[PDB]
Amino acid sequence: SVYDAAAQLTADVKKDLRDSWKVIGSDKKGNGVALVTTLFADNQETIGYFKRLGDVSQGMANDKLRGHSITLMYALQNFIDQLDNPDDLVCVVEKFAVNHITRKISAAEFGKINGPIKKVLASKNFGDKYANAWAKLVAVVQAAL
């Protein structure tokens, strides 16, 4: 249940999400491309789903990949801004869930983003505590897939 999952975002979890987002969200282009390209590097088997972006190995030089990555960071911005109101967080999560359901992305494969998030966070000196907080946010989307 997406609602029960949203209920797992306690005061402490919300605070860790906001504190870490202040840093990672400050460079959406740089950190977004880092996040997406790490997903491709660590899970080569997912590249097939991103056929529209062309040659993803080009990273930042690929305009479609850059546009996609920046936009992905605004989806995360959206989630963070809705943390105060569960009903609104749920309706935006379900909107993005549909974007992935139509692409045939399951909850398990969506969860493959946790590795990249942990790595990007670690590179900015945010440890497991923060990675786990972000895993709980990702879990809300998973509940909707």
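Start at 1 with the first residue shown and count on from there.
- The PDB entry reports B-factors from which the mean C-alpha value can be compared for 103-111 and 64-72; the larger average falls on 103-111.
- Higher mean CA B-factor, judged across 3-11 and 134-142 from the recorded values: 3-11.
- When the C-alpha B factors of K118, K28, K95, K51 are read from the deposited coordinates, the top value falls at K51.
- When the C-alpha B-factors of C91, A34, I80, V56 are ranked from the entry, the top spot goes to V56.
- In this PDB entry, the Cα temperature factor of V23 sits in the top third of its chain's modelled residues, the highest group.
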